[PDB]
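Residue strings, one per chain:
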Amino acid sequence: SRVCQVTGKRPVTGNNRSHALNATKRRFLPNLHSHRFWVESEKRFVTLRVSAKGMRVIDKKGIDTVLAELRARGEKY
Amino acid sequence: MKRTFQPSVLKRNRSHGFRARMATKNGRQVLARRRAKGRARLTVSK
Amino acid sequence: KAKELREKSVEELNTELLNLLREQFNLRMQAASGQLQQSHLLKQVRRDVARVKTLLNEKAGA
Amino acid sequence: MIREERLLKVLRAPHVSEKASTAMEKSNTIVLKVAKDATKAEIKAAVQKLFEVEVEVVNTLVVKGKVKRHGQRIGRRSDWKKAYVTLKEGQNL
Amino acid sequence: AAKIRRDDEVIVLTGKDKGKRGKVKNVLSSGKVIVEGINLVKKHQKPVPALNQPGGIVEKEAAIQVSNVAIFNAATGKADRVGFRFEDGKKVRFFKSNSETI
RNA sequence: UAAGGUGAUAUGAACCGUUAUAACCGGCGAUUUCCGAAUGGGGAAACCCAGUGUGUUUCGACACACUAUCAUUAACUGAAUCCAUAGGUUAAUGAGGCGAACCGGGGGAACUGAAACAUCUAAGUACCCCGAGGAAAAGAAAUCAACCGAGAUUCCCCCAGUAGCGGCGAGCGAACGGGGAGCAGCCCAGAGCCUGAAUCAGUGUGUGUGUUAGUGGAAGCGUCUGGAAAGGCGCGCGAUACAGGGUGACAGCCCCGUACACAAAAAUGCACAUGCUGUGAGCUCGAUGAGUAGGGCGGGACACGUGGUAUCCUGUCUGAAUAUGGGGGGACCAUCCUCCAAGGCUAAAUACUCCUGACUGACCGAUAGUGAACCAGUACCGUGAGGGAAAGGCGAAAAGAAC
RNA sequence: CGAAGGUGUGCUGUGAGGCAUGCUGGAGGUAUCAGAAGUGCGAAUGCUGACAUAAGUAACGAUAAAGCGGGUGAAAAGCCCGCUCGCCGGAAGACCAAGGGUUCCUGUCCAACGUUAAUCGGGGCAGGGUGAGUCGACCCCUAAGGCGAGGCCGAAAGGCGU
Ligand SMILES: [Mg+2]
Ligand SMILES: [Mg+2]
Ligand SMILES: [Mg+2]
Ligand SMILES: [Mg+2]
Ligand SMILES: [Mg+2]
Ligand SMILES: [Mg+2]
Ligand SMILES: [Mg+2]
Ligand SMILES: [Mg+2]
Ligand SMILES: [Mg+2]
Ligand SMILES: [Mg+2]
Ligand SMILES: [Mg+2]
Ligand SMILES: [Mg+2]
Ligand SMILES: [Mg+2]
Ligand SMILES: [Mg+2]
Ligand SMILES: [Mg+2]
Ligand SMILES: [Mg+2]
Ligand SMILES: [Mg+2]
Ligand SMILES: [Mg+2]
Ligand SMILES: [Mg+2]
Ligand SMILES: [Mg+2]
Ligand SMILES: [Mg+2]
Ligand SMILES: [Mg+2]
Ligand SMILES: [Mg+2]
Ligand SMILES: [Mg+2]
Ligand SMILES: [Mg+2]
Ligand SMILES: [Mg+2]
Ligand SMILES: [Mg+2]
Ligand SMILES: [Mg+2]
Ligand SMILES: [Mg+2]
Ligand SMILES: [Mg+2]
Ligand SMILES: [Mg+2]
Ligand SMILES: [Mg+2]
Ligand SMILES: [Mg+2]
Ligand SMILES: [Mg+2]
Ligand SMILES: [Mg+2]
Ligand SMILES: [Mg+2]
Ligand SMILES: [Mg+2]
Ligand SMILES: [Mg+2]
Ligand SMILES: [Mg+2]
Ligand SMILES: [Mg+2]
């Protein structure tokens, strides 16, 4: 599914509002990308389905910190 | 002339049988409704 | 019965069970040929088999 | 292959009729009601131990119980197994 | 718990046989009793070929409501009522009028 | 608990029992085919076919046990590729499926209303989906207030159809404050000192008490009519019992009850007391939740439709300060007041009824009341989802009509 | 020593109605003054049931066709036996499959069913009847297609697939 493995960001629903204020149901999808992260501690690359926001979270916290959250959640990588 | 009901037990069971109902979520809902109604026959069987 | 059968051993109860099952067979043959006047005997034999089997069960895993 | 407890429960009743009488007189065959789940091997062994006679061959069929209508509601008699137990030339019972 | 029992001498309180006495022959689960010489009927019994049995008008006791009979207190010659008490480790019946065990 | 019994149509047959293994009622056990989550594999449900391990005064074939998937944990094993990791096998433990309503969450209509219709309405309704509990959710202030003060959450009554929102149409519709039900507060973001010190859960025992069988339970007779008396008439009696039902017509005193008084071998609920395993109390010195708050863009939520619009959530792009600090007080600024976000837990008052027991009704009484008083979710119809009836009353007693 | 209800009659009220009483019925009814409403039917091509009408009318289902003798029986055009006559014969015969499910055979019965009578029946009731190593199924093998450990994908449900 279109779910960020880091933040949990998923498709949300809302409306397209026209100039005439006609509401039509829509979705806002997360900016998802499958990215290979180098994990020094495991001497292996880990491919995660992450939003650009989640990628910034990994830049701040570090991949080991983020992967530890995934283990605690039971979420495999 | 040729009428709409042309029998076949194999096609009867494959299309409406117990196992066919059990195979999908919506078919298990058919069985659940029929059980709540208190139906004697849930499906056509042997 | 039930108290009298409880005193018997596992080997003894297995013998009585075989005897009751032989009697059950002979009574069924007698009933089926229309030769059994005492219809009540079938229920007595059937419930004795039940008593023997119940006691064998409480002696095997207790 | 066998067990006495099983053999004692396998034979249910002699079946009486004109066909059963003629099968005995002409072919030395006894007609029985046997347990529904009884196999030809079980019926052979049970007749040999309990009736003390030698069995040549066992033939079996399943009889479908008749349905009777009682107004709007139906009744159904039980299906049962019939055995044609042929005994060897030397006849006893 | 039952106030009227098989073999008791009872007196009829209600019906065609009011005042008459008789022995309880059987007590039925319906709350009815058969009492000897009481509530007689003359049934037109149909013939049964399976006996080669002919038909016949048969006189028999018909069941009477148990509430329609009273325990007969022979000692007082009167209809009585039953009470219950424990004498020894056993429950007993007693006549309400004279407090005597049955 | 008992003098009667072997459920019904439903007799009859053969029997069981009467002072205590007849039956009947309740507690705990045993047995519990096959299908069904169905779980050894398969499958057109109730069937077809196996592997492995065991048994055979007969060690052929049958009987019996185990063998599904996934998750966590452990042991053995083990690639590309040296280590490693993946993978593989086995074992332990758990899950799965079903089912009323209430409950939290993910999605989410339209008819309709606007006397047309698109903003708006219907309505976060119907429905679909996920999950949970006896309740759920919420919850101990970055909350209000107004310079006086209040002190978590939930629910009820007001405030008030007010202030507002609104093609300022149709409609939508607060809060502040007041009266009430109920009330309870805690822990982590860490170390030391003293150590198992408050609490909570699992669970042995003990007592109280509740449930699942039960026990006792007052007092009326004569006469008349009548097929029959409970009715009329006469005279009695009980009542902490004249609730109600039955009995050949309407019974306080005939029967079952009712008021009142009692009872458990066994299992179980709730309390306290107490044993045990695990958890930690108190004190001192600290620490104080960052891709967060804030912002731009698009939406959504707030009674509040972008409006002069504060507050909340966030799909996208960004991005602080650090108690000499930060949030809020409905654009915004100053002053002042008030609170301390980015961690978590928590009972009550609140919502509901598939079911169990007791009781009640100016509710129905067979075209009514359930669709169904009755063998009804049946018969019947339809490929199917599904739809879905009609149908109660002899008599007090079958004495159901011998001949 | 006769309630409600039903069916008559008499009196009474402006009327909706009321009272009395004969007969039927067989156990319930309720003054008065208040109280509450599922409170009044001729219509809605109203709803359910019952019963008329047309009318003893149409029809009795292929125009292949019957006749007679004897029988059984309460009754015979129709059933049984017999002799003829006629019809089909690439079927209107025989055998499979599918589908049905006892309709099969024997005895017995005739209400209803059978477009008539019915002694007859695929109708009622009872009993009987289906016997496999080599006929079919199961079984081994695959087709289209289905399902599908892991997996890939998707708000959830799910979709696809090794
Ligand atoms: Mg053979
Ligand atoms: Mg066969
Ligand atoms: Mg008592
Ligand atoms: Mg399976
Ligand atoms: Mg299986
Ligand atoms: Mg297979
Ligand atoms: Mg290696
Ligand atoms: Mg579940
Ligand atoms: Mg409109
Ligand atoms: Mg639960
Ligand atoms: Mg909670
Ligand atoms: Mg202050
Ligand atoms: Mg409102
Ligand atoms: Mg208040
Ligand atoms: Mg208070
Ligand atoms: Mg009493
Ligand atoms: Mg009467
Ligand atoms: Mg903080
Ligand atoms: Mg904020
Ligand atoms: Mg303006
Ligand atoms: Mg201000
Ligand atoms: Mg907090
Ligand atoms: Mg209840
Ligand atoms: Mg009804
Ligand atoms: Mg009526
Ligand atoms: Mg009335
Ligand atoms: Mg009246
Ligand atoms: Mg009035
Ligand atoms: Mg009318
Ligand atoms: Mg009119
Ligand atoms: Mg005409
Ligand atoms: Mg004419
Ligand atoms: Mg004509
Ligand atoms: Mg006639
Ligand atoms: Mg038939
Ligand atoms: Mg025939
Ligand atoms: Mg006819
Ligand atoms: Mg027939
Ligand atoms: Mg899978
Ligand atoms: Mg697939």
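Residues numbered from 1 in each chain as written, not as in the entry; some residues may be left out. Chains lettered and ligands numbered in written order. Part of a larger assembly, values for the part shown. Heavy atoms only, no water.

Undergrad: Whenever I open this one, the overall build of chain D confuses me. Can you help?
TA: A count of helical and extended segments in chain D gives 3 helices and 6 strands. In sequence order, chain D lays out its α and β elements as α-β-α-β-α-β-β-β-β. Principal-axis analysis of the C-alpha atoms places the extent of chain D at approximately 55 × 30 × 15 Å. Counting all 93 residues of chain D, 35% fall into the buried class. Accessible area of chain D: about 6400 Å², with a carbon and sulfur share of 47%. (Helix = DSSP H or I, 4+ residues; strand = E, 2+ residues; numbered from the N terminus. Buried < 20%, exposed > 50% of the residue type's maximum accessible area, 1.4 Å probe, protein only. Areas by Shrake-Rupley, 256 points an atom, 1.4 Å probe, with all protein chains shown as cover.)

Undergrad: Would you take a moment to explain the protein's contact with RNA strand F for this structure?
TA: Residues in close proximity to RNA strand F total 90 residues, the closest being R17 and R56 of chain A, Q29 of chain B together with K43 and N68 of chain E. When the atoms of RNA strand F within 4 Å of the protein are grouped by moiety, sugar and phosphate amount to 71% of the total. Within the contact set of RNA strand F, a phosphate oxygen lies 2.9 Å away from a side-chain nitrogen or oxygen of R34 of chain B. Within the backbone of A1 of chain E, an N or O atom sits 3.1 Å from a phosphate oxygen of RNA strand F. With 7 residues, the top contributor of residues to the surface near RNA strand F is helix α3 (residues 25-37) of chain B. Counted by class, the surface near RNA strand F contains 27 nonpolar, 29 polar and 34 charged residues. (Near = heavy atom within 4 Å. Polar contact = N/O pair within 3.5 Å; in protein donor to acceptor, adjacent residues only side chain to side chain. Nonpolar A, V, L, I, M, F, W, Y, C, P; charged D, E, K, R; others polar.)

Undergrad: I'm lost on the interface of chain D and chain C in this one. Help?
TA: Where interface size is given, it is often the accessible area lost as the parts come together that is meant. Each partner contributes to the interface: chain D provides 10 residues, whereas chain C provides 9 residues. Counting every contact that joins chain D to chain C gives 2 salt bridges. Ionic pairing is found between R22 of chain C and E4 of chain D, a salt bridge with its closest N-O pair at 3.0 Å. On inspection of chain D and its partner chain C, the count reaches 4 residue pairs in polar contact. (Contact = heavy atoms within 4.5 Å. Salt bridge = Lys/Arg side-chain N within 4 Å of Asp/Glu carboxyl O.)

Undergrad: Explanation requested: the pattern of salt bridges in the structure shown.
TA: When their charged atoms lie close together, side chains carrying opposite charge are able to pair. In the structure shown here, the tally under the stated rule is 23 salt bridges over all chains. One salt-bridge network, in which partners are shared between bridges, spans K1, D48 and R51 of chain C.

Undergrad: Would you explain the packing of aromatic side chains in this entry?
TA: The geometry of two aromatic rings is summed up by the distance between their centres and the angle between their planes. As enumerated under the stated definition, the model contains 2 aromatic pairs over all chains in all. Residue placement shows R85 of chain E over the ring face of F94 of chain E; its charged tip is 3.9 Å from the ring centre. (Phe/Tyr/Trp six-rings, centres within 6.5 Å; stacked < 30°, edge-to-face > 60°. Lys NZ or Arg CZ within 6 Å of the ring centre and 35° of its normal.)

Undergrad: Before we go on, may I ask you to explain the environment of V33 of chain E in this structure?
TA: All names here are of chain E. By the element assignment, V33 lies in strand β3 (residues 32-35). As a C-alpha pair, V33 and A50 span 17 residues in sequence and 31 Å in three-dimensional space. In contact with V33, not counting residues within four places along its chain, are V24, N26, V27, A62, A63, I64, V66 and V69.

Undergrad: Sorry if this is basic, but what is going on with the sheet that holds strand β6 (residues 80-87) of chain D here?
TA: Sheet strands pair by backbone hydrogen bonding; their relative direction is either parallel or antiparallel. Residues and elements named next belong to chain D. Strand order across the open sheet formed by 4 strands is β1-β2-β6-β3, with antiparallel pairing between neighbours. Each having just a single partner strand, β1 (11-14) and β3 (55-63) make up the two edges of the open sheet. Sheet twist, expressed as the average angle between the axes of neighbouring strands with direction ignored, equals 35 degrees. Examined bridge by bridge, β1 and strand β2 (residues 29-34) share 3 bridges and lie antiparallel to one another. If you follow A13 over to β2, its bridge partner there is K33. Sitting on the sheet, helix α2 (residues 18-27) touches β2 and β6, and the angle it makes with β2 is about 140 degrees. (Pairing = 2+ DSSP bridges. Axes fitted to C-alpha atoms, helices over the stretch in contact; angles between N-to-C directions.)

Undergrad: Teacher, can you tell me more about the protein's contact with RNA strand G here?
TA: RNA strand G sits among 23 residues. The nearest are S1 and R27 of chain A together with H15, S17 and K66 of chain D. Within 4 Å of the protein, atoms of RNA strand G come from sugar and phosphate in 69% of cases. In this structure, a phosphate oxygen belonging to RNA strand G sits 2.9 Å away from a main-chain N or O atom of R2 of chain A. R27 of chain A is positioned such that a nitrogen or oxygen atom in its side chain is 2.7 Å from a sugar or linking oxygen of RNA strand G. Sorting the residues of the surface near RNA strand G by element identifies β3, β4 (67-70) and β6 of chain D as the ones contributing at least two each. In terms of residue count, the dominant contributor to the surface near RNA strand G is β3 of chain D (3 residues). Grouping the amino acids of the surface near RNA strand G by side-chain chemistry returns 5 nonpolar, 6 polar and 12 charged.

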